[PDB]
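Just one chain is shown here, as structure tokens, and it is the form deposited in one PDB entry.
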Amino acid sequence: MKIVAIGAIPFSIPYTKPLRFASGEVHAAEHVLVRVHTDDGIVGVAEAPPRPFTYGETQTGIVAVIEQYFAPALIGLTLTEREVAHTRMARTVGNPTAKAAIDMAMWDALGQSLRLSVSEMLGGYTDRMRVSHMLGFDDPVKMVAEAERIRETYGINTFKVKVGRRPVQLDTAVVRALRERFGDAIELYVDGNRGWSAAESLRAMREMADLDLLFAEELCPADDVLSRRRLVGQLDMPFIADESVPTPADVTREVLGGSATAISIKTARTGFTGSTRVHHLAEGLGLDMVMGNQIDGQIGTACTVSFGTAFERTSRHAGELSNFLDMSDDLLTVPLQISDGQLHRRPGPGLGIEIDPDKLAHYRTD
């Protein structure tokens, strides 16, 4: 189980319809397929989604850091030296998805080598997660229609509404429309992606005080430090930190500082080894945690469910596992299937997925 090579292949798949939010937009999945090759002939895989508006990474930069720094530093390590890999990669600051992809690809290879799923190796608490769908910006009536279509089609009963627009009433009207349309049959929460000021955020939440929102996520910039802390202290529900807590150290600083009261865990940025560190820190401190979506393709979604199903604290909440549906196509030989509002972790070893050679050849851009 020795790593003999690590590759990073850029690919691009168009979205049937773009996902729009406060901090940016995604019109195509211009990701990087990361592969870890072992001396047993096993190939572990994962993807790295460049999100310049979130971590500052670019598709070109991800391939570069992996080919120029991480690959040469990790070749030669066995799949059971994760902490050595973790420590070596840590010598380089940032580059979250690049690091995470390598770690998850390593876990995929390990699982295949041992004939064990990543989920069970991580803890195997359960075998499925409830699904939450992120609704991107669009005309009010159009967002409601999207939710209705999605719930009827896939059985999804949890929706995270993207907000952060002006006037604030535009978004609060959307949320109210959703609650009037579905009643208490669905769970609802919001993510502003740093779009509103803390003052606008409070007014928006006060206006939606009767809509039973489960969480408020990054309503205003965490970097508007003092007003952010004041806002978090004014809200009843937990305030989920996402882009502001990419590392365990950030979780500690933001939570102890009062700028976060709940933690988003995204395998795209902390992989499995790092995500375990975040989960244990959040559980130890006593904070709610939710599996988030990095606008993942099916490869990243398979990773999210693999980790989310391994622990009780992550599976007690619905996981954001459905945005891959807006992609026009994907790289798996067998597409992920959501039914009854749930997604099961794959039964196969490792991530339980396989890359379709023809799909890769068609969408790669190198």
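The term rigid core refers to the most C-alpha atoms you can superpose between the two forms while keeping them within 1.5 Å. One-based numbering along the sequence shown.
- Stretch comparison (176-184 versus 81-89) by mean CA B-factor in the PDB entry places 176-184 on top.
- Averaged over Cα atoms, the B-factor as recorded in the entry is higher for 328-336 than for the other of 306-314 and 328-336.
- When the C-alpha B-factors of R128, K266, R228, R166 are ranked from the entry, the top spot goes to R166.
- Ranked within its chain, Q112 lands in the middle third, by CA B factor from the PDB record.
- Among the modelled residues of its chain, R51 has a C-alpha B-factor that falls in the lowest third, as given in the PDB entry.
- Compared with the other modelled residues of the chain, the Cα B-factor recorded for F137 ranks in the highest third.
- Annotation for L321: CA B-factor lies in the middle third of the chain's modelled residues.
- Residue-level temperature factors show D236 in the middle third of its chain, judged at the C-alpha atom.
This next part talks about the form deposited in another entry, which is not shown.
- Superposed on the rigid core, the two forms differ between the shown form and the other one by 2 Å or more at the C-alpha of one listed residue only; from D138, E81, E187, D288 that residue is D138.
- Relative to this conformation, a decrease of 3 Å or more in the Cα-Cα distance between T172 and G136 is found in the other entry.
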